[PDB]
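Here the entry's author numbering is used: the sequence shown runs in plain steps of one and ends on residue 330. Encoded as structure tokens, the structure appears first; notes follow it.
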Amino acid sequence: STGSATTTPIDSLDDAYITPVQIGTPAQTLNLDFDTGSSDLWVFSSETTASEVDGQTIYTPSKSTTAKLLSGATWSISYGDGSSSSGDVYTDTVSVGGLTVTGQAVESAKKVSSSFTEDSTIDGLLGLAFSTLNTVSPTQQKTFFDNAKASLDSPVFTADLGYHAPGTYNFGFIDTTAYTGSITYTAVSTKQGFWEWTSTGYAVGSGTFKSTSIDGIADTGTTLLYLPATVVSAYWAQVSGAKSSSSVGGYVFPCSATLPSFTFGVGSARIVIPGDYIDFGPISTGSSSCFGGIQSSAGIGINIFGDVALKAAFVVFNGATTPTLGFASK
């Protein structure tokens, strides 16, 4: 089997991407944030505290003939940005882009933090990291990908995120029309439960490439590119007037700037992030200070190849017995 679903930016900054997902019988379609940095499939639901729902579409398990309470199971998750959610668990039928999993754990939110409430466009998350990070207790549950894997033509999914445009998540096949040149594959460590890999270095603009190992995660659920302070300082030093602002929470730059590109290495291959992808616009409405899309990972504890980086590439998440990651230009 295979699946193919379009993923769409939630706003004009590509802050996140939503993908329609069918849950239950008859289908209830919710728009979920596919997150390769976590491993819980959770949704706004008929159980979510009313005051914490503001425009989201909810899953109502009592209206699904295939929903079953997973008795005794609870979940609770905290994300890197400080947001959180928790609740109980149902199993139900879940379909993505024509690919169906029966018996998928659907984690129903009883509580969500303010950032979720405030984002009316995101009805929940669909985790695509390794199932060892799943938070369901006392019986840990498998991700949608893990459950689908044995049925897939090939044990892979791909992320093809757009810049200010829709893109695609495919399951079970590699669309050879969706990228240019060849795919370069690189080793993955699953020790922390992430799609963790080591970039071979970077360049700023038309500058020379610096060969240096940068360990980080491929994380579709993180907006920006978070890298070591040395790397980030070297990038922003090439933008007149750019500075790190503790009051704003990172690097800002004059909105009158033309940003240089940023290149990262994948083995001997190179992925180029155009300068425009690094512009996250005014820090507040009407400001002439703009927020940067490359930020320091210092104090996160991990480097994160978030959407800013991933959307510059066609990315293969290879879930074969020895997982790997592939990157191609597009």
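Don't be surprised by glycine CBs; every beta carbon is placed ideally from N, CA and C.
- Excluding its 5 nearest sequence neighbours in each direction, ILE283 has C-beta neighbours in its own chain below 8 Å: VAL248, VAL252, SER289, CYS290, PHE291, listed in chain order.
- Of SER137, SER151, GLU52, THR132, the smallest CA-CA separation from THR143 is found for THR132.
- The three-state reading of DSSP puts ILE217 in strand, counting E and B together.
- For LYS210, the pairing in a beta bridge is given by DSSP as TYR202.
- Straight-line measurement puts the Cα of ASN134 at about 7 Å from the Cα of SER38.
- The alpha carbon of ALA159 has as its nearest neighbour, out of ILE300, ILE23, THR36, the alpha carbon of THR36.
- One alpha carbon belongs to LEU125, the other to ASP54, and they sit about 16 Å apart.
- Annotated three-state conformation of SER4 is strand, per DSSP.
- Here the alpha carbons of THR220 and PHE327 stand approximately 14 Å from one another.
- Burial check for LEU69: the Cβ neighbour count within 10 Å stays below 16, so the residue is exposed.
- In the same chain as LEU310, and ignoring 5 residues on each side of it, the C-beta atoms closer than 7 Å to its own belong to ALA159, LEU161, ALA218, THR220, in chain order.
- Excluding sequence positions up to five before and after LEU224, its CB lies within less than 6 Å of the CB of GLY293, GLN295, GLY306, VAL308, all in the same chain and listed in chain order.
- Of the residues assessed, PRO9 falls on the buried side of the cut-off, its CB having 16 or more other CB atoms within 10 angstroms.
- For the pair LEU13 and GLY281, the Cα-to-Cα distance works out to about 7 Å.
- DSSP places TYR251 in the uninterrupted beta strand (DSSP E) bounded by 250-254.
- Excluding its 5 nearest sequence neighbours in each direction, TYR90 has C-beta neighbours in its own chain below 7 Å: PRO61, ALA67, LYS68, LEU69, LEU70, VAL106, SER108, listed in chain order.
- With the rule of 3 Cβ pairs closer than 8 Å, the stretch 18-28 does not count as touching the stretch 76-83.
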